[PDB]
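Below is one structure, written out as structure tokens; the observations come after it.
Each answer follows from the model by the rule given with it, or from the source it names; no laboratory instrument gave them. Don't worry about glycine lacking a Cβ; one is built from the backbone with ideal geometry, like all the others, and counts go over all protein chains shown.
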Amino acid sequence: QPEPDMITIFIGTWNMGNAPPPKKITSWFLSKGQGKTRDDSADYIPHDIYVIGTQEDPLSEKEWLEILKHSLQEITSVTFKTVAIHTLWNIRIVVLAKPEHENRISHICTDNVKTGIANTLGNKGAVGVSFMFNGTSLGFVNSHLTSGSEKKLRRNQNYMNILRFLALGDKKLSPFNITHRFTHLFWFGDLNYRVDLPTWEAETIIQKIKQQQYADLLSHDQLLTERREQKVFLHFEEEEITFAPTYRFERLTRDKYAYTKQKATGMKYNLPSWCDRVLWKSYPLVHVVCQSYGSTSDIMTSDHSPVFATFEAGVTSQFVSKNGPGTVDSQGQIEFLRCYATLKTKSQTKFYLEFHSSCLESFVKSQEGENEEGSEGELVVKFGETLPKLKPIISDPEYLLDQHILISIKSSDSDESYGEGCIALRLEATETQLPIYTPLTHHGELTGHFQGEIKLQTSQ
Ligand SMILES: CC(C)(CO)NC(=O)c1cccc(Cl)c1
């Protein structure tokens, strides 16, 4: 039975509005309704992994697992295994997988982060799951961020707290937050970003939605504008939105947006918005293709419509050679030449690098680099040809070319990371000096750049 090189992943996000679901929700798992939908000819084909994020979920874990498992069984005739389930208040993530994947899945982690302080600590935050699928690390984050058209900054703050404090993936990757720990990271939820147009334009917005004319609305979507200004979700992707706003509907129909201020809304307008979103971030040069991104039309128990997204995702096998794992393979080496970090920091400490990768027995500390002044005020840390030669566990190019090196630049004074990034070993050539590059982030904010050249030796 051959190990897969590709899997399909279903991501669902639904704010249930504290109401039980209707008896049939199969349209969600089938990617049917509005937007980029799945072909009818695929309806009996199960996804490998289903990740279900809910918000304002009134159900017990047991109640929701029974609905989900019985829904997928009806669609696919397959009885899914429960990988993980985690609930913070009314925020829930469920991971289900086809039975053939049970013994490919290991290192399951779950966590939550509560956002806000005092007043604003009460019901918003995130849940997450991570695990290994053969040689591939997968992370999933379901977040319910701060509500309200006038709180986009609060939402960006919630995002930064979630990505700093959510403890998923390999704890040995200690300088790295969840935005560097996974081959593929999926971040979805009721992110609560609004269409930022005047209240007086509500009926105009509804008109535009009825004509399926979204361009002038999406140009005012707070998540798209905040992302474009690098305020939030830096280095994340999102598929083009081609479905109507998923909030705020009158319940029991989809014919009406309920946007007017009411006691129940704290006298706030809820102009039609794309609250409910799916984004991802994969390591460089790993296959990831969005095959669907849309909303259901036929599930009307909530004031939100469910959103679906499906992905093809590249995965690798567990790899065993004569040598590694358990030793190095002297026919392999990674050399970094003429490397320098450019940092936005105004500080003056020395810096060194750490290299982390599952292709190494353990992480490698470099010598301190040489600080120079950049021509436009910047700190440039020069490593030259001084960086340690990295000794991979396996030299076979079918393994090594699929790997990644995580880089942290750390202060000699504090040992705190000032920047994190990732270099793919999927090179155009081996035994050849080739340019490499990664932006560097810390707490998911741009702090600089790492660039230079790499020379990769494999057994071929
Ligand atoms: C018992 C739970 C629900 C805990 O998260 N699931 C597992 O432990 C598990 C482990 C390996 C593979 C798979 Cl499919 C599930």
Q | Lone qualifier among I45, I52 - being assigned by CATH to the domain that holds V78 and not in a loop (DSSP other than H, G, I, E, B) | A | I52
**Q.** So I108, is it more than 12 Å from the ligand (Cβ to nearest atom) and either farther than 25 Å from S302 by Cα or in a helix (DSSP H, G or I) (or both)
**A.** no
**Q.** Long-range neighbours under 9 Å by Cβ, at least six apart or interchain, first residue surrounded by 17 or more Cβ atoms within 10 Å (Cβ to Cβ) within the range 116-140, second assigned to a strand (DSSP E or B) and acidic (D, E)
**A.** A126/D111; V127/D111; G128/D111; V129/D111; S130/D111
Q) Do we find a residue being in contact with a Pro (Cβ under 9 Å, 6 or more places away or on another chain), outside any loop (DSSP other than H, G, I, E, B) and of a type outside the set (S, T, Y) anywhere in the range 365-374? A) yes
Q: Quick one: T79 ticks every box in (1) within 16 Å of the ligand (Cβ to nearest atom); (2) in contact (Cβ under 8 Å) with a residue 24 or more places away in the chain except a single one, so which number is it?
A: (2)
Q: Enumerate the pairs (first residue in the range 18-31 and closer than 25 Å to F311 by Cβ; second residue anywhere and of a type in the set (F, W, Y)) with beta-carbon separation below 6 Å, excluding pairs fewer than 6 apart on the same chain, so at least 6 apart or on different chains.
A: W28/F308; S31/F308
Q) If you go through the range 184-203 one residue at a time, do you hit one that is over 15 Å from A126 (Cβ atoms), in a helix (DSSP H, G or I) and free of Cβ contacts under 8 Å to residues at least 40 places away in the same chain? A) yes
Q | Pair list, Cβ under 9 Å, 6 or more apart: the range 424-443 residue basic (K, R), other residue part of a strand (DSSP E or B) | A | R426/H404
(Q) Among the numbered criteria (1) farther than 29 Å from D5 by Cβ; (2) of a type in the set (S, T, N, Q); (3) assigned to a loop (DSSP other than H, G, I, E, B), which one does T342 miss? (A) (3)
Q) Can you spot a residue in the range 83-95 that is more than 25 Å from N192 (Cβ to Cβ) and either touching a residue at least 12 places away in the same chain (Cβ under 8 Å) or within 16 Å of the ligand (Cβ to nearest atom) (or both)? A) yes
Q: State all residues of the range 286-312 that are within 25 Å of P20 (Cα to Cα) and β-branched (V, I, T); if no residue qualifies, say none.
A: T296, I299, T301, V307, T310
Q: Could you tell me which residue of the range 265-315 is surrounded by the most Cβ atoms within 10 Å (Cβ to Cβ), considering only residues that are of a type in the set (S, T, Y) and in a strand (DSSP E or B)?
A: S295
Q. Which one is surrounded by the most Cβ atoms within 10 Å (Cβ to Cβ), of the residues in the range 204-239 that are of a type in the set (D, E) and assigned to a helix (DSSP H, G or I)?
A. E226
Q) Quick one: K382 ticks every box in (1) in contact with a helix residue (DSSP H, G or I) (Cβ under 7 Å, 6 or more places away or on another chain); (2) over 18 Å from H180 (Cβ atoms) bar one, so which box is it? A) (1)
Q: Kindly provide the set of residues from the range 408-460 that are surrounded by fewer than 19 Cβ atoms within 10 Å (Cβ to Cβ), part of a loop (DSSP other than H, G, I, E, B) and hydroxyl-bearing (S, T, Y), ordered by number.
A: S412, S414, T430, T432, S459
